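Structural overview
Below, each chain spelled out in residue letters.
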Amino acid sequence: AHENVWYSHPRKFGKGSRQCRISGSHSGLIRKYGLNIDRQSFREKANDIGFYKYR
Amino acid sequence: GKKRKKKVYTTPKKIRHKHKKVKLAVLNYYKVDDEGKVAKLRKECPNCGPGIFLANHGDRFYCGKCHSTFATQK
Amino acid sequence: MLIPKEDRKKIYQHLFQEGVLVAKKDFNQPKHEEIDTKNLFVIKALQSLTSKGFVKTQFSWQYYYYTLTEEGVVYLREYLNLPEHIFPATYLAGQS
Amino acid sequence: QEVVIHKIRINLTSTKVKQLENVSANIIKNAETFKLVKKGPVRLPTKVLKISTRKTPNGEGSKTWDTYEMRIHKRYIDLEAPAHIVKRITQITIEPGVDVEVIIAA
RNA sequence: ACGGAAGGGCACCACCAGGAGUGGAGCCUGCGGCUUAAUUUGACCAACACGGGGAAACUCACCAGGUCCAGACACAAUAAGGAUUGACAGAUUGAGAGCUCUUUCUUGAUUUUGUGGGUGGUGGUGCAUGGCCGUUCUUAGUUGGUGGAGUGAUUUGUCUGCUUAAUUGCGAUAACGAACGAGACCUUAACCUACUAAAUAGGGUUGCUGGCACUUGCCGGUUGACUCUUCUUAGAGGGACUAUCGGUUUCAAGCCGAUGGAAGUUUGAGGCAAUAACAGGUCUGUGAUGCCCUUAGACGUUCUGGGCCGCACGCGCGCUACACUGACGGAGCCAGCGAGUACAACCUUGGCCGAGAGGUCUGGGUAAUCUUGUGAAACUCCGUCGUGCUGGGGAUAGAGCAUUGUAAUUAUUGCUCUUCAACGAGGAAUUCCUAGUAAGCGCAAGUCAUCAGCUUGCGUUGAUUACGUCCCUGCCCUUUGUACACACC
Ligand SMILES: [Mg+2]
Ligand SMILES: [Mg+2]
Ligand SMILES: [Mg+2]
Ligand SMILES: [Mg+2]
Ligand SMILES: [Mg+2]
Ligand SMILES: [Mg+2]
Ligand SMILES: [Mg+2]
Ligand SMILES: [Mg+2]
Ligand SMILES: [Mg+2]
Ligand SMILES: [Mg+2]
Ligand SMILES: [Mg+2]
Ligand SMILES: [Mg+2]
Ligand SMILES: [Mg+2]
Ligand SMILES: [Mg+2]
Ligand SMILES: [Mg+2]
Ligand SMILES: [Mg+2]
Ligand SMILES: [Mg+2]
Ligand SMILES: [Mg+2]
Ligand SMILES: [Mg+2]
Ligand SMILES: [Mg+2]
Ligand SMILES: [Mg+2]
Ligand SMILES: [Mg+2]
Ligand SMILES: [Mg+2]
Ligand SMILES: [Mg+2]
Ligand SMILES: [Mg+2]
Ligand SMILES: [Mg+2]
Ligand SMILES: [Mg+2]
Ligand SMILES: [Mg+2]
Ligand SMILES: [Mg+2]
Ligand SMILES: [Mg+2]
Ligand SMILES: [Mg+2]
Ligand SMILES: [Mg+2]
Ligand SMILES: [Mg+2]
Ligand SMILES: [Mg+2]
Ligand SMILES: [Zn+2]
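Residues numbered from 1 in each chain as written, not as in the entry; some residues may be left out. Chains lettered and ligands numbered in written order. Part of a larger assembly, values for the part shown. Heavy atoms only, no water. Residues with missing side-chain atoms left out of burial classes, pairs and counts.

Residue and element names in this part refer to chain C. At a closest axis distance of 11 Å, the pairing of helix α1 (residues 5-18) and helix α2 (residues 39-51) adopts a crossing angle of 70 degrees. Between α1 and α2, the angle is such that the two are roughly perpendicular. The two elements α1 and α2 cross, and the hand of that crossing is right-handed. Residue-level inspection shows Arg8, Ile11, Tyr12 and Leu15 of α1 in contact with α2, the latter providing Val42, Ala45, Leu46, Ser48 and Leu49. (Axes fitted to C-alpha atoms, helices over the stretch in contact; angles between N-to-C directions. Helix = DSSP H or I, 4+ residues; strand = E, 2+ residues; numbered from the N terminus. Parallel < 35°, antiparallel > 145°, perpendicular 65-115°, else oblique. Left-handed = near helix turned anticlockwise from the far one by under 90°. Contact = heavy atoms within 4.5 Å.)

Right, here's the structure in full:
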């Protein structure tokens with residue numbers, strides 16, 4: 001694990017550049033308004049976030 | 001939903017590069033002048049500072065405190 | 001891990017001074033925040049402390065919140081050989 | 001001596017409404033009992049913030065989708081006002097939820 | 001439960017009247033199959049443009065390979081005459097990896113190797129499970145308390161009728177009163193010359209200015225001044241409840257028709273949405289998780305490269321078309337939902353240059369302020385073409401210029417030229433739909449660095465045909481028959 005070879009590849013961008021911040025998942029991520037959280041984690045925490053079903 | 005085959009290897013072996021347990025490298029490093037002055041052997045490191053002995057390979061004396069800094073011909 | 005001892009003792013000292021630490025999950029990153037060490041062996045040192053029972057870890061949203069126990073304070077003081085009277089700033093009761 | 005007219009300008013923000021409305025009511029009541037010149041609590045289009053998500057975490061099932069949202073209300077106000085009474089007004093009568101910002105219009 | 005049994009009601013995931021189509025064509029995209037080292041995987045009405053799954057590195061799950069240990073802690077064991085680590089240069093390696101080796105150095109009790117023990121796992125098990133949503137089931141249906149009937153399984157209440165979209169009511173009643181579901185309720189859309197206000201929205205007057213007609217009229221500009229709030233905003237509220245009337249109705253529940261109105265289908269569209277259940281899907285979202293498996297040449301993690309996008313074939317969403325209601329030129333010039341740069345680098349106006357994609361320099365904008373009045377398309381008007389697989393159609397094909405990217409080859413994407421194929425309204429079948437509706441037309445947002453044919457939402461141009469029936473496909477409840485109860489598979 002060379003210090004310049006281990007984890008060498010850049011991650012400035014792309015799918016893996018960002019994490020769920022709740023589960024660390026890559027798939028099903030939401031980036032709108034900087035949520036940076038996935039589909040379903042949003043699905044339940046949104047009520048505490050301030051979101052509510054209206055229409 | 002899958003059963004995995006055994007990882008058969010067409011590779012003989014790669015073992016940990018064991019460090020060599022050197023027995024009293026300091027006698028190799030120093031040389032006593034009959035209960036008095038003592039000399040050092042084969043160089044001293046100018047890039048690292050006094051007391052750090054250097055490496056003998058060939059046509060170049062080598063560092064290893066700050067390893068990449070000093071490997072010069074002499 | 002194989003911590004250069006100075007790094008370990010400065011980690012422990014910072015832990016004592018603050019009384020607690022977070023050390024965000026992100027692995028493989030060079031520089032841990034506000035301590036000038038690598039997050040990796042910070043995390044591993046705190047794991048070693050918890051396996052000793054000196055530290056209680058609450059893990060929420062990938063952050064590893066750490067808390068010191070009194071016996072952890074005692075052992076840390078012994079390791080950092082400070083006078084027995086000193087306390088982490090957490091023990092300095094902030095009364096508002 | 002702080003007699004210079006400040007043209008102080010306030011801007012509110014609230015996820016909800018009634019707290020914002022009563023905060024604005026309190027601000028205007030304080031200004032009027034202090035004899036100040038005001039441009040009224042102007043109403044700005046409440047920006048709706050919408051996110052549509054798939055309900056199922058796995059994609060199985062009939063396609064069913066939901067739309068969470070907030071509705072943010074800003075409703076800035078502004079006074080042609082001196083400092084100390086007005087700055088004291090700014091620092092009083094804040095309830096949680098409603099966020100207040102002040103710009104001096106210097 | 002079922003019935004090619006009966007009865008009374010319902011539904012464009014049924015039909016009727018039709019509209020638009022799909023199925024024929026090329027393209028895209030997802031399955032299967034085949035192939036491959038790998039084409040990682042899970043769904044088979046409720047799978048198939050789904051897992052937001054628009055995979056070039058990652059995502060990663062597969063494959064060829066190289067690293068490292070992110071093996072805490074306990075014990076033993078070595079061991080300070082060194083547990084060990086790291087290492088230039090070369091061999092070797094894809095590598096500028098001390099991976100391994102040659103040597104030598106450097107490093108010092110954090111270690112090392114054995115025993116436990118624990119972590120890690122997009123490893124397995126959705127037929128162990130939680131949570132989650134889907135479906136049964138967009139229908140109207142559920143349930144208990146005393147009370148009656150039965151020895152009991154249960155039943156009545158939950159019903160003969162009429163009525164409603166509704167177990168919705170009028171009622172009748174061994175039933176009585178109650179609870180959930182429906183409704184009620186909330187969001188949105190509409191109406192407010194009534195209120196509150198406004199240089200982050202508008203309008204009038206009036207300055208100062210531009211052009212024309214010259215009569216003082218128009219059209220303009222202008223962070224000038226004053227004033228106003230109809231338009232734009234958003235708070236308080238107001239407004240409709242079937243109102244009024246005429247029919248019809250055991251005259252009750254209501255249903256129909258006209259007027260008033262903005263609105264007279266529950267005003268339109270929605271959101272939540274009962275009991276019971278499925279061996280429906282999901283361990284591949286989770287540091288939700290039991291068990292089992294693995295835990296050092298690893299199923300951990302990382303690095304390079306390959307694939308997930310391959311091709312004898314079939315199938316599902318969609319796209320462009322088959323041209324004259326057209327294609328191509330000009331000219332006209334109208335929106336509405338959004339979003340937008342911070343610990344970084346977005347929206348980008350304008351002035352440059354270039355044919356173009358584009359780059360360039362200054363700007364504004366953290367946001368009704370700027371992009372923006374997103375000057376969008378279809379469409380509108382004037383021309384060219386002229387029934388020709390033709391100027392329809394634009395796939396498949398060479399070359400060039402750029403752009404994002406560490407990296408575009410297996411063509412990311414754009415632009416320029418050239419090539420112009422298949423295609424003649426599409427068999428059996430089958431989908432969706434009753435008013436701002438279908439259909440056409442784009443735009444904004446998700447994904448995003450770059451990428452859409454997808455998708456959510458938005459607005460624009462805006463209809464033909466019903467306003468009914470159980471004939472096909474189902475659904476409600478009642479009656480009935482059954483050898484069914486894993487329930488007509
Ligand atoms: Mg038909
Ligand atoms: Mg079509
Ligand atoms: Mg076809
Ligand atoms: Mg495959
Ligand atoms: Mg169904
Ligand atoms: Mg891509
Ligand atoms: Mg790859
Ligand atoms: Mg890889
Ligand atoms: Mg390998
Ligand atoms: Mg995981
Ligand atoms: Mg199941
Ligand atoms: Mg009883
Ligand atoms: Mg019953
Ligand atoms: Mg309701
Ligand atoms: Mg008004
Ligand atoms: Mg009447
Ligand atoms: Mg409705
Ligand atoms: Mg239900
Ligand atoms: Mg598990
Ligand atoms: Mg793995
Ligand atoms: Mg694929
Ligand atoms: Mg076919
Ligand atoms: Mg579909
Ligand atoms: Mg043409
Ligand atoms: Mg034209
Ligand atoms: Mg507009
Ligand atoms: Mg246009
Ligand atoms: Mg042609
Ligand atoms: Mg078209
Ligand atoms: Mg998609
Ligand atoms: Mg009908
Ligand atoms: Mg059908
Ligand atoms: Mg039986
Ligand atoms: Mg049979
Ligand atoms: Zn040196």
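What follows concerns the pattern of salt bridges. All names here are of chain D. Applying the stated criterion to the full structure yields eight salt bridges over all chains. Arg71 is the salt-bridge partner of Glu69, the closest N and O atoms lying 2.5 Å from each other. In this structure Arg71 comes out as partly exposed when scored by relative accessible area, which is 25%. (Salt bridge = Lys/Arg side-chain N within 4 Å of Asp/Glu carboxyl O. Buried < 20%, exposed > 50% of the residue type's maximum accessible area, 1.4 Å probe, protein only.)

For the rest of this paragraph, the subject is the protein's contact with RNA strand E. By nearness alone, 108 residues border RNA strand E, and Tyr33 of chain A, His17 and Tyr62 of chain B together with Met1 and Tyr64 of chain C come closest of all. Close to the protein, within 4 Å, the atoms of RNA strand E are drawn from sugar and phosphate at a rate of 71%. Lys32 of chain A places a side-chain nitrogen or oxygen 2.3 Å from a sugar or linking oxygen of RNA strand E. Between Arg16 of chain B and RNA strand E, the recorded distance is 2.6 Å, taken from a side-chain N or O atom to a phosphate oxygen. Breaking the surface near RNA strand E down by element, the ones donating at least two residues are β1 (29-30) and α1 (39-49) of chain A, β3 (55-56) of chain B, α1 and α2 of chain C together with β3 (47-54) and β4 (65-72) of chain D. Looking at the surface near RNA strand E residue by residue, the class counts come to 37 nonpolar, 33 polar and 38 charged. (Near = heavy atom within 4 Å. Polar contact = N/O pair within 3.5 Å; in protein donor to acceptor, adjacent residues only side chain to side chain. Nonpolar A, V, L, I, M, F, W, Y, C, P; charged D, E, K, R; others polar.)

Glancing now at the pairing of strand β2 (residues 55-58) of chain C. Residue and element names in this part refer to chain C. In this structure, β2 lies alongside strand β3 (residues 65-68), joined through four bridges in antiparallel fashion. Among the inter-strand pairings, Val55 is bridged to a residue of β3, identified as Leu68. The turn joining β2 and β3, which pair antiparallel and follow one another in sequence, is formed by six residues; a positive phi near 55 degrees is taken by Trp61. (Pairing = 2+ DSSP bridges.)

When the two pairs of chains in contact are compared, the highest contact count belongs to chains A and D. What separates chain B from chain C at the closest point of their C-alpha atoms is a distance of 15 Å, and the two make no contact. At the level of C-alpha atoms, the two units chain C and chain D stay apart, their nearest approach being 19 Å.

It is worth spelling out the sheet that holds β3 of chain B at this point. Residues and elements named next belong to chain B. The strand order across the open sheet formed by three strands is β3-β4-β5, and the pairing between neighbours is antiparallel. Either end of the sheet is taken by a strand with one partner, and the two such strands are β3 and β5 (71-72). Pairing of β3 with strand β4 (residues 61-62) involves two bridges; the strand directions are antiparallel. In the sheet register, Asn56 faces β4, and the bridge partner there is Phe61.

Under the UniProt annotation, the feature "domain: Small ribosomal subunit protein uS10" (unreviewed entry) is placed at residues 9-103 of chain D. Along residues 9-103 of chain D, the helical share is 24% and the strand share 35%, with 5 Å between the first and last C-alpha atoms. (UniProt positions renumbered as here; feature names shortened; annotations may be inferred.)

This part covers empty space enclosed by the protein. All names here are of chain D. Looking at the largest cavity, its volume works out to about 80 Å³. What lines the largest cavity is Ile10, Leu12, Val23, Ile27, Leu79, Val86, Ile89, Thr90, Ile92, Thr93, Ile94 and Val100. At the level of secondary structure, the elements contributing two or more residues to the lining of the largest cavity comprise β1 (9-13), α1 (18-33) and α2 (84-90). In terms of residue count, α2 provides more of the lining of the largest cavity than any other element does, three residues in total. (1 Å grid on protein atoms, 1.4 Å probe; cavity = no way out; pocket = protein on both sides within 12 Å on 5 of 7 lines; lining within 4 Å. Points joined across faces, edges and corners; volume = space filled by probe spheres on them.)

The next point concerns the packing of aromatic side chains. All chains considered together, the criterion is met by 12 aromatic pairs over all chains. With centroids separated by 5.7 Å and ring planes inclined at 65 degrees, the aromatic side chains of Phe87 of chain C and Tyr91 of chain C adopt a geometry described as edge-to-face. Exposure remark for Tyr91 of chain C: the relative accessible area of 38% places this residue in the partly exposed category. One aromatic cluster in this structure is built from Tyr12, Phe54, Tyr75 and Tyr79 of chain C. In this arrangement the basic side chain of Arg9 of chain D is found over the ring face of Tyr76 of chain D, its NZ or CZ atom lying 4.2 Å from the centre. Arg71 of chain D extends its terminal NZ or CZ atom over the ring of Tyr54 of chain A, reaching a point 4.0 Å from the ring centre. (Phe/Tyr/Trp six-rings, centres within 6.5 Å; stacked < 30°, edge-to-face > 60°. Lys NZ or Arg CZ within 6 Å of the ring centre and 35° of its normal.)

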